[PDB]
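Only one chain is given next, in structure tokens, and it is the form deposited in one PDB entry.
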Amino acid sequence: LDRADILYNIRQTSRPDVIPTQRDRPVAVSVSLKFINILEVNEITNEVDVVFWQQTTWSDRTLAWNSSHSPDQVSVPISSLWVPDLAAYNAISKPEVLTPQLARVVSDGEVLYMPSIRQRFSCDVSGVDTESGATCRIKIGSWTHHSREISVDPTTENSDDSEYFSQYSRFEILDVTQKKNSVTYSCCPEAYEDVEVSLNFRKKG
């Protein structure tokens, strides 16, 4: 099957509005932030302006194709795919997507989406000018799907936290840790899941 046929099939049958739930599994969404830049920081207002790649991964079996004499992967506009409705709860501006809105789809149905996002957050900026640094916590989860529908997990972070970080930022990254929680809010009786990203950073000497 060629690239054109795969993308035709996906465009014609994909249901961007349908969570690709399988029987009674939640859709396992993995989330991992790779920080590229820290552009503006305010210790007084506890506000931070930040650029990061939001590595998002999940499975959608309906996109799958037989890769016998066919490409293993294609790039697909996200408007033709179901995409998890992730939001950053402590964000104070809408995500400015810097990169083309294309996801990578593998023949088995895996979807890799990695937009570069600039976004401002309300978090702990105290101690940014210290050796210990500030620890800014960014919380990301599904806005409308609870835990029986979307689970979110971090990945494993044994590649350099500064691997893609800008050497020319005023700031440097001491540490990045990722944990998950199941929270129960007063609007709704079900538990919603999130990945908490801890950005320990500081102003350069």
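The term rigid core refers to the maximal set of C-alpha atoms that superpose within 1.5 Å between the two forms. The first residue of the shown sequence is 1; numbering continues from there.
In every other compared PDB entry of this protein that covers both flanking sides, residue 166 is modelled, so it falls short of the one-third threshold for missing coordinates. Among other deposited entries of this protein with both flanking residues present, none omit coordinates for residue 49; it is modelled throughout, well short of a third.
Higher mean CA temperature factor, per the PDB entry, when comparing 39 to 47 with 160 to 168: 160 to 168.
Two stretches are in play, 100 to 108 and 67 to 75, and the higher mean C-alpha B-factor belongs to 67 to 75. Per the deposited record, the Cα B-factor of residue 196 falls in the middle third when ranked against the other modelled residues of its chain. Per the deposited record, the Cα B-factor of residue 183 falls in the middle third when ranked against the other modelled residues of its chain. Among all modelled residues in this chain, the alpha-carbon of residue 136 has a temperature factor (C-alpha) in the middle third. Among all modelled residues in its chain, residue 177 ranks in the highest third by Cα B-factor.
In this PDB entry, the Cα temperature factor of residue 29 sits in the bottom third of its chain's modelled residues, the lowest group.
Beyond the structure shown, there is the form deposited in another entry, which is absent from this document and is the topic of what follows.
With the core held fixed, residue 196 shows a CA shift below 2 Å between this form and the one not shown. Residue 159 is among the residues whose C-alpha shifts by 2 Å or more between this form and the one not shown once the rigid core is aligned.
Taking 2 Å as the criterion, residue 18 does not count as shifted between this form and the one not shown: its C-alpha moves by less than this amount when the rigid core is aligned. Note: residue 174-residue 160 Cα separation is 3 Å or more shorter in that other deposited form than here. Between residue 197 and residue 158, the Cα distance is smaller in that other deposited form than in this structure, by no less than 3 angstroms.
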